[PDB]
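Below sits a lone chain in structure tokens, taken as the form deposited in one PDB entry.
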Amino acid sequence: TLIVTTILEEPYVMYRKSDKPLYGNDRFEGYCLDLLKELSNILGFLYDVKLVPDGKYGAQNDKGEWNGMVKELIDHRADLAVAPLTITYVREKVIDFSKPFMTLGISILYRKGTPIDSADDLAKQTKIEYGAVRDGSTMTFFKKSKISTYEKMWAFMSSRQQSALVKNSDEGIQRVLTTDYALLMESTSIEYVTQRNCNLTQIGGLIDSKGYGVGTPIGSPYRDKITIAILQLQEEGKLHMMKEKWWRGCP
């Protein structure tokens, strides 16, 4: 029996709506749940789902200590990590990512019927406020980026004691829905919001490219099996059936 760490995030992992209390893996539903069931079908294993204790994805502090699911894997406290976990330079040095089961990039969430079309328009303007979720991967991108426009936008974001940032995605969506605010976030979620908020839309394309990968500890025997299984589901179109299932309109 394997242990699978994960985090709550629509529509990947959500508390299932039921009248009676639920127990174990039956407590959760979502894209990553279906993906985990298919993984258990291919590789043939039993799995127990455990939300990450501190509710964090995975970053390292100044002394080099990791948190969240990444740390769960490093300490051999979880066997798998099935969640929208971004494949980054620093994360892959400490854990093993499978081949990406979803490809995406940073984009812009804003209102419809406006003249804004790119991040350069946001950079050339200070009336509309723009920012991202604190400590998320997008913030890390703008922090580390050396592209001119993105260093300017990071200056605006960090400015005023980082007042332009939000603690979580839903607070950012609300800030867009109530003020003159643009929220830079991962595009797979922008699809969800836009498909469920017909007055919001994505502005521009993808600023970069990245992917969600299943995480395993370094030296795990299930590494190759997980990668091969992910590719097997990719070529069968199953992953796209799942995404289309959990994501589907707007005029």
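Residue indices: 1-based, along the sequence shown.
The entry models residue 248 and residue 249 with a gap of 1 to 3 deposited residues left without coordinates. Between 112 to 120 and 77 to 85, the higher mean Cα B-factor belongs to 112 to 120.
Taking the mean C-alpha B-factor of each stretch as recorded, 47 to 55 and 61 to 69 are not equal, and the higher mean is that of 61 to 69. Comparing the listed residues 103, 126, 107, 138, the entry records the largest Cα B-factor for 126. Comparing the C-alpha B-factors of 176, 132, 155, 95 in the entry, the top value falls on 155.
Residue 27 sits in the lowest third of its chain by CA B factor, as recorded in the PDB entry. In this PDB entry, residue 235 carries a Cα temperature factor that places it within the middle third of its chain's modelled residues. Among the modelled residues of its chain, residue 42 has a C-alpha B-factor that falls in the middle third according to the deposited record. Residue-level temperature factors show residue 210 in the lowest third of its chain, judged at the C-alpha atom.
Sort the chain's modelled residues by C-alpha temperature factor and residue 216 lands in the lowest third, per the entry.
Not pictured, yet referred to below: the form deposited in another entry.
In the two-part rigid description of the change between the shown form and the other one, residue 94 is assigned to a different part from residue 115. Relative to the shown form, the CA atoms of residue 208 and residue 160 are brought 3 Å or more closer together in the other form.
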